[PDB]
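Data first, discussion second: the structure below is written as C-alpha cells.
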Amino acid sequence: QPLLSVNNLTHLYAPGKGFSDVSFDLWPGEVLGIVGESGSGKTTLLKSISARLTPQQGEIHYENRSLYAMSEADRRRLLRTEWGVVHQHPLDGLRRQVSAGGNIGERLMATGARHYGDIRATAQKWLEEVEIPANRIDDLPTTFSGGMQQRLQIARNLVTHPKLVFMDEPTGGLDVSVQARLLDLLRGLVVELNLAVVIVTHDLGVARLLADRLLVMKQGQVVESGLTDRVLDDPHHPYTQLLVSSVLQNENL
Amino acid sequence: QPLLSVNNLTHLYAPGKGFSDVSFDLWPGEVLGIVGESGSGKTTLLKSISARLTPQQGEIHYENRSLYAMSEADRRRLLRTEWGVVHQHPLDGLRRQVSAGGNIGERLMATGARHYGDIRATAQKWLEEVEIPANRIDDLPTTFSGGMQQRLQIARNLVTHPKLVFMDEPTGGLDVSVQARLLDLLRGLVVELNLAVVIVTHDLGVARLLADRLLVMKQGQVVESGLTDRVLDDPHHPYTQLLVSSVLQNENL
Amino acid sequence: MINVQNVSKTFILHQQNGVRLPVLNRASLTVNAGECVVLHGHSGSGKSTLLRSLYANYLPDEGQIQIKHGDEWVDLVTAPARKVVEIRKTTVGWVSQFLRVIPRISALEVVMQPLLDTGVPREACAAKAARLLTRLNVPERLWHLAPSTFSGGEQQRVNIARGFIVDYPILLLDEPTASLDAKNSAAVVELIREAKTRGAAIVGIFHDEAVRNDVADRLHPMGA
Amino acid sequence: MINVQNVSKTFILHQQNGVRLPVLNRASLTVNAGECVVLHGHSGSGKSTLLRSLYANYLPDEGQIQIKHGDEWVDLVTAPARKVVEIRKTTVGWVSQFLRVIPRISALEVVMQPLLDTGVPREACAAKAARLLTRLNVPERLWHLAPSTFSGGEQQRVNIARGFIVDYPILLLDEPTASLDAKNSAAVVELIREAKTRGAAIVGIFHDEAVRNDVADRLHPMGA
Ligand SMILES: Nc1ncnc2c1ncn2[C@@H]1O[C@H](COP(=O)(O)OP(=O)(O)OP(=O)(O)O)[C@@H](O)[C@H]1O
Ligand SMILES: Nc1ncnc2c1ncn2[C@@H]1O[C@H](COP(=O)(O)OP(=O)(O)OP(=O)(O)O)[C@@H](O)[C@H]1O
Ligand SMILES: Nc1ncnc2c1ncn2[C@@H]1O[C@H](COP(=O)(O)OP(=O)(O)O)[C@@H](O)[C@H]1O
Ligand SMILES: Nc1ncnc2c1ncn2[C@@H]1O[C@H](COP(=O)(O)OP(=O)(O)O)[C@@H](O)[C@H]1O
Ligand SMILES: [Mg+2]
Ligand SMILES: [Mg+2]
Ligand SMILES: [Mg+2]
Ligand SMILES: [Mg+2]
C-alpha cells in the first residue's frame, strides 16, 4: 500500500492560481519529482500534501489515514517526528535566532533525544555531511549564505531519518559540487533507509538523477506523469517538450 | 577605460568569511560571471561593488570616480537611476506592500517618468517580457511564487535600462524555459544597449552562455579568472576542475 | 524471454508545427533465454527507438512489449511506472554509450550500486565490481576516482561494468563497443557471451561487423 | 595570417592525483591568407587541443600564438581576455560539431546574431543567413524554429551557417562535415573554398579523405 496517496486534490486561491485535481501515489524508497512552470502550483501542492494547506477538494491518505481528517495535534506530531519539510526559502524552515546546532537539535530532541553532547555531535556530523564546517554550529543562520541556509535546512529535516521528506527546490543556492554531495546523500538515504521524497525542482538533471517518477505541472494541472526517463526523453505533452528543449546543453571534451 | 574598476578590494566579517584582495575590470557590453563554492564571498563581493558594503581595503572606481569616496547621496542616486541590483532573495529587492506595477514603476518615476498610463503600460510590457501575465500587475509580490518574485525583481531592475546590473543568482526559482527567455533578454540588452552585468551564478550553463569572463571564488579568494570558455573547458585550479567535473551531464537523443 | 507484438511509435514534434515522425511500424520480435538478437538497419531506421521501448524509456503508441518478470508476463506499454522500476531493478538491464551517474561518486561505487540496491552484501559487490573492472582492463588507480575525470573509453568501460554487475535475465545493449578498441571490444564480447551462456535474453545494436558476427545469434531487420 | 611558435600544452588532472598529460610539444605552424592547413594525426594526437589553443579556448603552457588582428600582431597566450573577446568578434571564427546557443531562439536569429553583433544592418544579416541556410539545404520551415528541436544534421548545418555568417579573416574548423551526408559535405566544402578564395587563413581538422583532399592545401603532422 502507498505510503502517501493523493486523490483528486485541489486548492485554488483563484481560477488558475494553485492546483486542481491532482492524484498520485508514493511508496517507500521512491522519489516523486515535480517539475513545471514557475507559478504552476508546485509549492502550493507541496504544502497541501505536507499538512500545511487544507485542500478544497480531494483526499490525502498517509499510511491509510486521511491527512486532514486527523486532529491538528496528530498532523503536527507527524511534521515534528515523522516528516521533513524543506522550504523554497531556506529561512522559512529555520529559526533565525537559534544557532545552526540548535536548529538541527530541535528535531532530534523532538524525537526524544535528551543528551546534549550526543545532539551536538550529531549536528556537527550532519553539518559536515552537507559540507558546512562544524565550527559554524554556534553561528546564527542570519550569518549564513543562502546555500548554507539551504543546506542547514536540509540537515535539520533529515537528521531524524524521516520516512517522508517534501522538498521545494532544495538545490537552490548550491554549487554543483555540494549539489552532487546532496544528491548522493539523498539517494543513499532513499535506498538504504527506504526514505520517500517529493522534490520540486527546476533542474532537470537533478530530477533525472534522483526522481523515480515525475509530475509535470502547468497552470495548476498535472499535464504529464510517469517514469522520469520516459517523461524527459519521450515527452508527449507540448509543454514538456518545450521544457526539455529549453535545457542548457553541455559538451564533452 | 573600464566602466567599473575593482582594485585590491577586501571585506571580511572574520578570517575567512567574505572576500579578500579582489581585483577586476568591467567594461560596457560585457558580462562578468562569478562562480564558486556556496559561502565563498560572492554575495559579499557583489554588495561591496554595488555600493552596499564599505570595503575594509581596496578601491572601486565607477567612470573614474572612487565609489566609496563619493557622498552617500551620489551612491544612492547611482543605485536609483544608474544601476540595477538583483538580490539573491527576491523579496529583498521588492516592496512587499507595493503591487508589482508599483515595484516596476518606482524605478521609472525615479528616472523622471511622470505619466501614470505610460508607466503602467511599460510595467505590463516588462511583465510580459519576463512571462508574468500582465493581469498580475496589481497583485502584491507576497502572492507571487518564488520564480515570479525573481522575475519581478529582474524587471524592476532592468526597466530603466541601467548601464550596470549586479545580479545574485538571478536564475534561482526559474524553470528552464523562462530561464532561456531571461538569458535572451539579458544578452540582447548587453549587445544592443551596451549594458554591463556582474552575475553570480551556480548554473555553469548560464555562465557559459552569458558571461564573457568568469571569476572563480573559493573561501573569499579569486582562485581563477579569464575567458569563460577557457575557465570552464581548460581549468587550471583544482577547485575549478572539481566544479566543472560536478556538472550534471546531459545526453542527446 | 521477450515478446514484442505490433509495437508502432510515431514522434509528434509539437515544437515544430506538430509534425508526425513515424519510426516503428507494427514491429514484432521474440527473444529466448540464452539467445541474442541484434537489430539490423541503417541510421534512423529505429533501432534505438525499439531498444528504448524495450527498456520502457520510450512509450510505444500501440502494441505490446511482454517480458518475463520472474514467473509473470508484464506488458511494459501498460505497466505502472512502479512495476517498470522494479523490472529495471531486477529483470531488464541496459548498457549504452553514456554513463549517467551522480558526479562525485567513485567508479567502484558507481559499478557496485546496482547490485547493492538488490541487497547483496557490500563485500561481494566490491569483489564483483573489481572483477568486472579488471576484465575490462580499467586501471586500479581509477577505481576510487569519479568517472567524470576519466577519458571517454574509461568512462564507457565503467558504464559497461555497471551494466554487467547484475546478472539481468534480460539485457539490452546499444553500441557498447563503439568507442572501444580491439582488446576492450573483445572483453565486452566475452562478457556478452558469458551472459548469454547463463541464460540471458540479449537484444543488441552493433555496427561493427566482427562484433555482431561474434555475438549475434539472430538478426532482426529494422527496415520495416 | 597565423604564426604559432613553440606552443606546448600539458593537462594537469588534479582530480586524479594531479597526473600530467602532455599533449602539444613545441608545436609550430604558419598560415597565410587564402591558405588552408589541415592538422593530421591519430585520435588523441592533439589536433583539437591545438585548434582550441588557436581559438584561445585552451591556454598553452609555453609558446606564442600570434594572429593578425586587423593590422596588429596579437599573442593569444598573453592577450587580455578582453582582446581575445574582440578577436573572436571580428578576427577569428570557429566552427565545430556542437551548437551552443540560447535554447528558445530561432535558427535564423541564431545564424544572424554573430553578424548583428558587428553592427551590420538587420536586413542584410537576414538575407545572408537565408542565403547560407539555403546553401546548406536547411528547409525554410525550420528557419523560424529553435535549433534544439531539429535533428543532429540540421543543427550542425545551422551551426556551420552561423560560423560562416561573418567573413572572418581567420577560420578554425573541427570536423564540420563529420555528421553530414555527401551533398551537405560538398556544400560545406564549397563554402570553405569560397572563404579561402576571399583571403581567409583556414586551419581545419578533417577525417574524411575526400574532404581533406578537396579542401586541404597543406598538411601539418600532429604526431610530434
Ligand atoms: N526522443 C525522440 N524525439 C524525437 N525524435 C526522436 C526521438 N528518438 C528518436 N527520434 C527520431 O526517430 C528516428 C529513430 O532514430 P533512432 O535513434 O531510433 O535510429 P537508429 O539509427 O536506429 O539509432 P542508434 O544509432 O542509436 O542505434 C530518427 O528520426 C530519430 O531522429
Ligand atoms: N580539457 C581537457 N582536459 C583534460 N584532458 C584533455 C582536455 N582536452 C583534451 N584532453 C586530452 O588531451 C589529449 C588531446 O586530445 P584531443 O581532443 O586534442 O585529440 P584529437 O584526436 O586530435 O582531437 P579531435 O578528435 O577533436 O580532432 C587527449 O588525451 C584528450 O583526452
Ligand atoms: N497567498 C496567495 N494568494 C493568491 N495567490 C497565490 C498565493 N500564493 C500563491 N499564489 C499563486 O498561486 C500560483 C501557484 O503558486 P506556487 O505554487 O508558489 O507556484 P510554483 O509552482 O512556482 O511554486 C501562482 O500563480 C501564485 O501567484
Ligand atoms: N552578517 C554576517 N556576519 C558574519 N558572517 C557572515 C555574514 N554574512 C555572511 N557571512 C559569511 O561570509 C561568507 C560569505 O558569504 P556570502 O558572500 O553570502 O557567500 P556566497 O558566495 O555563497 O554568497 C559566508 O561564509 C558567510 O557565513
Ligand atoms: Mg515554488
Ligand atoms: Mg550568495
Ligand atoms: Mg539513435
Ligand atoms: Mg578531441
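Just so you know, the numbers here start at 1 and follow the chain as drawn.
Backbone N, Cα and C atoms are what each Cβ position is placed from, and that goes for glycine too.
In Swiss-Prot this protein carries:
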{"type": "DOMAIN", "residues": "A:4-244", "note": "domain 'ABC transporter'"}
{"type": "BINDING", "residues": "A:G36, A:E37, A:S38, A:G39, A:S40, A:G41, A:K42, A:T43", "note": "ATP binding site"}
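What the PDB entry says about this one:
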{"type": "SEQADV", "residues": "A:251-253", "note": "expression tag"}
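Annotation for A:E37 (ATP binding site): spatial neighbours A:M217, A:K218, A:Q219, A:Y239, criterion Cβ-Cβ under 8 Å with sequence separation of six or more.
In this structure, none of the binding-site residues from A:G36, A:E37, A:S38, A:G39, A:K42 has a C-beta falling under 6 Å of any atom of ligand 4. Following the DSSP three-state reduction, the secondary structure of A:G36 (ATP binding site) is strand. Summarising the environment of A:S38 (ATP binding site), the number of other Cβ atoms within 10 Å of its Cβ, over all protein chains shown, is 24. Shown in sequence order, A:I34, A:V35, A:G36, A:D168, A:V200, A:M217 are the residues of the chain, 6+ apart in sequence, with a C-beta less than 8 angstroms from the C-beta of A:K42 (ATP binding site).
According to DSSP, A:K42 (ATP binding site) is assigned to a helical segment.
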